[PDB]
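>
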Amino acid sequence: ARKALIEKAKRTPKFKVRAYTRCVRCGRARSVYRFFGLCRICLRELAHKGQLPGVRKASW
Amino acid sequence: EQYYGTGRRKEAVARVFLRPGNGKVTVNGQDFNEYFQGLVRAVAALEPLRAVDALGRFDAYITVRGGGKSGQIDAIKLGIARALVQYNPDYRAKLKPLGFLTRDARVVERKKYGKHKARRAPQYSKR
Amino acid sequence: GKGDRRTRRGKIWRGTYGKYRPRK
Amino acid sequence: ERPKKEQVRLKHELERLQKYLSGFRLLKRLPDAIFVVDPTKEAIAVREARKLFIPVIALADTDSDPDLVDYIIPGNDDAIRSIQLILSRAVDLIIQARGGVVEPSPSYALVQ
Amino acid sequence: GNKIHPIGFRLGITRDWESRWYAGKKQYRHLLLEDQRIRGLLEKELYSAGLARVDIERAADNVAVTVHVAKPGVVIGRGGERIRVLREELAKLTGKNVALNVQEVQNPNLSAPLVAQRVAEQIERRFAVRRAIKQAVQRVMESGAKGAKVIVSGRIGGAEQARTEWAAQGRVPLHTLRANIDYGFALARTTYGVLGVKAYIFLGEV
Amino acid sequence: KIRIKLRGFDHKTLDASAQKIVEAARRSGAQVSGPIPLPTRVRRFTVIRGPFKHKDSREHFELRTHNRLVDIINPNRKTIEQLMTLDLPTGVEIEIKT
RNA sequence: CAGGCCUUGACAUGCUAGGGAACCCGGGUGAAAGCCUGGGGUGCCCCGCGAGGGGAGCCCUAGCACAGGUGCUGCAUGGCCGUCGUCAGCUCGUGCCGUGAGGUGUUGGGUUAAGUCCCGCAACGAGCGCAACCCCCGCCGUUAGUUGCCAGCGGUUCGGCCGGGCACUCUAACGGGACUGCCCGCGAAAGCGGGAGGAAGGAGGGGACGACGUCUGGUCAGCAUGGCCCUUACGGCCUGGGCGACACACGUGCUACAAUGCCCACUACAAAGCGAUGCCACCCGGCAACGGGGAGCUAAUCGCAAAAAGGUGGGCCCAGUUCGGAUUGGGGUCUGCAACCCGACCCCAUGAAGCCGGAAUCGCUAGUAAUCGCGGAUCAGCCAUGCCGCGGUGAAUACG
Ligand SMILES: [Mg+2]
Ligand SMILES: [Mg+2]
Ligand SMILES: [Zn+2]
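Chains A, G, V, C, S and Z, in that order, are what the protein sequence lines are. In terms of the numbering used here, the first sequence has 55 at position 55, counting the first letter as 1, and numbering is strictly consecutive. In terms of the numbering used here, the second sequence has 28 at position 28, counting the first letter as 1, and numbering is strictly consecutive. In terms of the numbering used here, the third sequence has 4 at position 4, counting the first letter as 1, and numbering is strictly consecutive. In terms of the numbering used here, the fourth sequence has 14 at position 14, counting the first letter as 1, and numbering is strictly consecutive. In terms of the numbering used here, the fifth sequence has 131 at position 131, counting the first letter as 1, and numbering is strictly consecutive. In terms of the numbering used here, the sixth sequence has 13 at position 13, counting the first letter as 1, and numbering is strictly consecutive.
1) Buried or exposed: which applies to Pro-74/C, given that a residue is buried once 16 or more other Cβ atoms fall within 10 Å of its Cβ?
2) Express the C-alpha separation of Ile-4/Z and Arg-2/A in angstroms, rounding to a whole number.
3) As a quick exercise: from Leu-21/C, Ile-72/C, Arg-9/C, pick the residue whose alpha carbon is nearest that of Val-37/C.
4) Could you name the residues of chain G that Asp-56/Z contacts, counting a contact when the two beta carbons are closer than 9 Å?
5) Taking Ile-7/S as the query, report the chain A residues whose CB atoms sit under 9 Å from its CB, ordered along the chain.
6) Answer with buried or exposed for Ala-75/G, where buried requires no fewer than 16 other C-beta atoms within 10 angstroms of its C-beta.
7) Please classify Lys-53/Z: does DSSP put it in a helix, a strand, or coil?
8) Can you tell me where the alpha helix (DSSP H) with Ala-83/G in it begins and where it stops?
9) For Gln-161/S, tell me which candidate among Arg-178/S, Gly-193/S, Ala-132/S has the shortest Cα-Cα distance.
10) Rounding to the nearest angstrom, what Cα-Cα distance links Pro-55/C and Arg-171/S in this structure?
11) Check the Cβ of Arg-18/A against every Cβ in chain Z and list those closer than 7 Å, keeping chain order.
12) Within 10 angstroms of its Cβ, does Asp-31/G collect 16 or more other Cβ (buried), or is it exposed?
13) Taking 8 Å as the cut-off, does the region 8-23 of chain S touch the region 41-60 of chain A (at least 3 CB pairs, one atom from each stretch)?
14) Can you look up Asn-97/S in the DSSP assignment and give me helix, strand or coil?
15) Please check if any C-beta of chain S sits within less than 8 Å of the C-beta of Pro-53/A.
16) According to the neighbour-count rule (16 or more other Cβ atoms, all chains shown, within 10 Å of its Cβ), is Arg-39/S buried or exposed?
17) Could you tell me whether the Cβ atoms of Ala-70/S and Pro-108/S are closer together than 8 Å?
18) Taking only three categories from DSSP, how would you classify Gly-50/S?
19) Against chain A, with Cβ distances strictly below 8 Å, would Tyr-28/S count as a contact?
20) Would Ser-19/S pass as an interface residue toward chain A - the criterion being a Cβ-Cβ separation below 8 Å?
21) Using a threshold of 7 Å, is the CB atom of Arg-58/Z nearer than that to any non-hydrogen atom of ligand 3?
22) Can you name the residues of chain A whose CB is closer than 7 Å to the CB of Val-47/Z?
23) Cβ closer than 9 Å: which chain Z residues qualify as neighbours of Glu-205/S?
24) Using a Cβ distance threshold of 8 Å, determine whether the region 71-85 of chain Z contacts the region 15-31 of chain Z, with at least three qualifying pairs required.
25) DSSP on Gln-7/C, reduced to helix/strand/coil?
26) Below 8 Å between beta carbons: does that hold for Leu-18/G and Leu-84/G?
27) Please return the same chain residues whose Cβ sits closer than 7 Å to the Cβ of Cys-42/A, not counting the five positions on each side in sequence.
28) What residues sit near ligand 3, counting only those whose C-beta is closer than 6 Å to one of its heavy atoms, in chain order?
29) According to DSSP, which residues form a beta bridge with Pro-20/G?
30) Give me whichever residues DSSP pairs with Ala-79/C in a beta bridge.
31) At what residue ranges does the region 8-96 of chain C contain a whole run of the beta strand (DSSP E), taking only runs of 3 or more?
32) Measure from the C-beta of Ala-132/S to each C-beta in chain Z and report whether the shortest distance is under 8 Å.
33) Between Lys-10/G, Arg-8/G, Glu-11/G, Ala-45/G, which has its C-alpha nearest residue 132/G's C-alpha?
34) Mind pulling the chain A residues with CB within less than 9 Å of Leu-38/Z?
35) Got a sec: is the Cβ-Cβ distance from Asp-15/Z to anything in chain A below 8 Å?
36) Near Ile-12/V, what residues of its chain come up, given a Cβ to Cβ distance below 8 Å and the 5 sequence neighbours on each side ignored?
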C-alpha cells in the first residue's frame, strides 16, 4: 500500500490540512527535508556522492 | 596619551584604554564599580595594575562587548595587562613571571551526538 | 517552580506568555 | 623541500642502509665462492652458500667442524695476529693474478 | 560493515562536486529534482557507451550536462545524429537551453565506476567471480595505477551461502585525503539475486 | 553608487571572480571598494547514519553560503560595458542595486 | 479495524475498435467514496466555393498484454548502520626451520597514545591499520572594508545620529608558528625527566577518519532485489474508529519536596541559527492567550529578541506552606473542512503525592561535572520534558 499513496500525496484535490510532504526519490514520508525534498537516507546518500551542490561533510 | 590593550577571552572582547590621571575606570559608559556591582570577582581584574603599583596613574576607559558579565572580566584582565606591557618594555616581569599573558584557551567544547552535554552520556539501563 | 504555569519561571521554561509574564 | 620529518628519516634510512651494506654492494651477482673467518660463527652464511653450491673457503679452528668446508684454512680465529696473516697473503695472492704487487695492508694501529 | 563513503569523505579536497552550481533556498529542490531526473535517463540510454560521470554547472537557465564516457562513439552517433536527439530529450523535460559537452576517458581501466561496471557485467554473464575480480584488478595496474582494490558482495556462483570476495594490490590508503582514489559502484541483476561491486583505484599521492 | 552582491557556495571560485571585478572596474573609471567579506551563512542538517534504528553515532553535513560584496563608486558608461557583458559565473550568483 | 464503493484498476507502457475525441461550467443521491445525469464546442495534417470527409497527438468507452502488494523469508541478498573499539592490531612476497597442520617476520631488550621508533635477531621487504595530509579554537600578521569607534579636530536635534575615518572590533581569504633545531641529566640508539624562550612544546586542546574481521547482529517497513504467496482481491478510494485503550511491571526523562529558597517591581552580560501570503517592529482593543490596523526585511543594515542564573531592595520565617503543580470544575483564544474521542496555549478556582528516597544503580578527570537560558531542524498546529547545535556561572578528586 505504498504506490497509490506516493501519488495520493502529490494530489492536492483535498483540504490543505492533508497536504503533507514525501521524499522525492523514495516514498519516505518521515524525516523529510523541505529544502532538499529528500529524506534522511537519500540526503546522506546524495551528499556522499556530491550530487548535492555545496553540500559538504561537517568538521568543526 | 592613550594606552590600549587587546582584551579577549571565551567569546568575550574588551577594549581597554589608559589615560594618565586620577584612578577612575569606565566600562560601556558606566562606572567600573557600578557595572560590576555585586561581583566579588570584579576587583580581581585590576590585579596586574597592583603588581606594576600604577593603579592611580591610569584612568582606564574600557568598552567590553560580548561573553558574560564574568567572561568579560577575564578578557579585561588580559587587556589591563597587555595594555601596560606595550608602553613599557621593563614591565615584562609581571606578564610572564606572574603569568598574566594568555587568552586562556579554556573554551567550551562541542556537544557530541549521543552525549547530552558534550561528555555527560545518557542513563545506562542494561536491564 | 518551573512547572507552575502561574509564575515568572513557569512561563519562561514553557516558552509562552500570560498575565504572569507579559511582553514588557 | 621535504619537511624536517623526511630529512631525519630518509637520512637515517641511508645511514643504516649503508651501515650494513657498505660491502654488500660490489657485485650484483652470486659470488663464485666465499671466504670466511670462524665458519661456526657465520655458519648461517656457510649454509646459504652450501645450499647454493657456492664453493666455500674459510679459516676455521678446532671450534669449527671441517667436513662442511670446501677449502679449509686451519688456524687461530680470534687473536688478530693469525687473522691478518691469512687475510693478507690471501688478498695478496688475489691481486697477484691481476698485477700490482704491493706492500702489506693497514693492520697495526693498536695491534697489541 | 562501516567505512564512510570515500567519495563523500574526500569531497573537501580531491574530488570536486559532481554537480557544481548554486541556488538560493527558494529554488534548489527543483534544480535538485532536475539534475537528478536528468541523470536518470543519461544513465539509461547511454550506459551502452558507459558513462563514469555527469558534471552539471549553472548560472541562469543554462545547463552543462557534460557527459564523460570511455566510448563516445555511441554518444555522438554516426556523424552527429545521436547527440542531436539527446539535446532534444534533455530540453524535452527541462524548459531551459540545455547544452552538452563531452570528454573521453584517458583510461577506462583507470576509472573506477568503469571497472565497477566492467565487473558488474561479467557476473550477470556467469563468469568465474574469483577470476573476474583478480582480473579486473590486474587490468587496472598493468594500466598505470599505484593501487587497486575490488570487492564483491554475496552469492558468488549463486551460492545460498552469501560470501564476500576481496581482491587488492599495491596500496589503497583509504584513511588518507591525498589519496585521489577513484571509486564507483555497479550492481548486477543475476537470476540468483542481487550482487555488488566496489572499485578502489588509488591514483596519485599528493 | 552601484551595489553588486556575490552569493554562491564555493569560496575558491566565488573569491577569484570577485577579485576580477576589482581590477577591471578601476581600469574602467571610478574607484571600487575592494572585495569585502561579509559573514558566511551556514545551514547544518543532521541525519541518522543508520537506515533503520540507530539513534547514536549519526552523520551531519553543512552548506556554506559565502557572501562577498563589492562596490563601485561612480557609474560610468565605461564600466557598464565591461560588466554588463563580461558575465562569467561558473557556479556563482550576482545581484545589482543602487 | 468496522462500514460504503471501484475494477484496464490510484500510477507504466504496448496493441486493436464505431463513437467522442484537446477543455471549461454544473445537477440529482450520498457520511465521503462511488453510481446516474444536464450544458458551450476545438487553433491541427488536407482534397475542398462549401457542405463534408480522411487523420496525427490527447481524451473517453470496450477489450487485450499486464499494473499493484508496508503480503512472507534480513539465516536466500544488495545498500547502509550498530559493535568489540581509537582498541594495536591484521596479512601478503621471497628466503629460512618443519613429513605436515604451521612456524619465522609480528619473538626477544628498551621506548611510546600505537606493529611509535630505536637496538637486537634466518630473515628482508611490503600492504591494510597507527601517525601524517583536512576542518575548528588558539597567538600574530597581509589584503578587504556600510559591523565597528570623541579611537583623533570636528558639527550632533544630545541614539555611531550626521559629517568624517580603517586604528580598534569583527567579518573571511591567504600565510607565518612548534622542528626534539638550543642548555642541563641518562644511553649504543631510539628516548625520557628537568629548564629557558613562547599565545602554544614534546600528537597543544576538540573534530572528521574507525584495519582482516566478529556477532547466521539489524533492516524485504526507505529503497533496491532472488523465490514464495494474492488478484473483482493480501490491490485501491473514502467516512469513522484505531496506533492515546489500562489491575499492573520495567526503561529513559521532566518538575520537585524548599531559605545556597519560592514570589514581585526594576536593572545588566551571551552565542548560533533562523525567516515572503515568513520572522513582526510601533500602536489600540483585551487580566491574558490573542486579536484589529500598520513601518521595516530579498535580510553583518530591519524582525524572532526577552537571554536566564545573575545585580538592587521588598515581602514570606520553617509551616504539606507564598515550598510542590498533579487533578478537576467553569470561562475563553489560535491553526484547521474537523480539537467527542485525542492538540497546544490563557484566566479564575481546585491547590494531590511527595519533608531527599530499600536493595540495587548511572555519568564525568577541566571549561569537564552541575546549574541557567536561547536557536534550529521536523512542522498548519502540536501533546518536545525528546533530538541535534549554542553559550553564561563554574567545581570536587585521582594515594594506587
Ligand atoms: Mg608501521
Ligand atoms: Mg577521558
Ligand atoms: Zn530518500
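Backbone N, C-alpha and C fix where the C-beta goes; we use that ideal spot for every residue, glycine too.
The answer reads as follows:
1) exposed
2) 48 Å
3) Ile-72/C
4) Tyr-113, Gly-114
5) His-48, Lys-49, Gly-50
6) buried
7) coil
8) 83-86
9) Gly-193/S
10) 41 Å
11) Those do not exist, as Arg-18/A stays about 26 Å from chain Z at its closest Cβ, beyond 7 Å.
12) exposed
13) yes
14) strand
15) yes
16) buried
17) yes
18) coil
19) yes
20) yes
21) no
22) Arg-40, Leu-43, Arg-44
23) Those do not exist, as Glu-205/S stays about 22 Å from chain Z at its closest Cβ, beyond 9 Å.
24) yes
25) helix
26) yes
27) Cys-23, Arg-25, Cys-26
28) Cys-23/A, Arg-25/A, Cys-26/A, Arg-28/A, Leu-38/A, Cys-39/A, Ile-41/A, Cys-42/A
29) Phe-58/G
30) According to DSSP, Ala-79/C bridges with nothing at all.
31) 34-36, 56-60, 71-74
32) no
33) Coverage of chain G is limited to positions 1 through 127, which leaves residue 132/G absent and any answer about it impossible.
34) Correct list: empty, because the minimum Cβ distance to chain A is about 17 Å.
35) no
36) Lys-2, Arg-21
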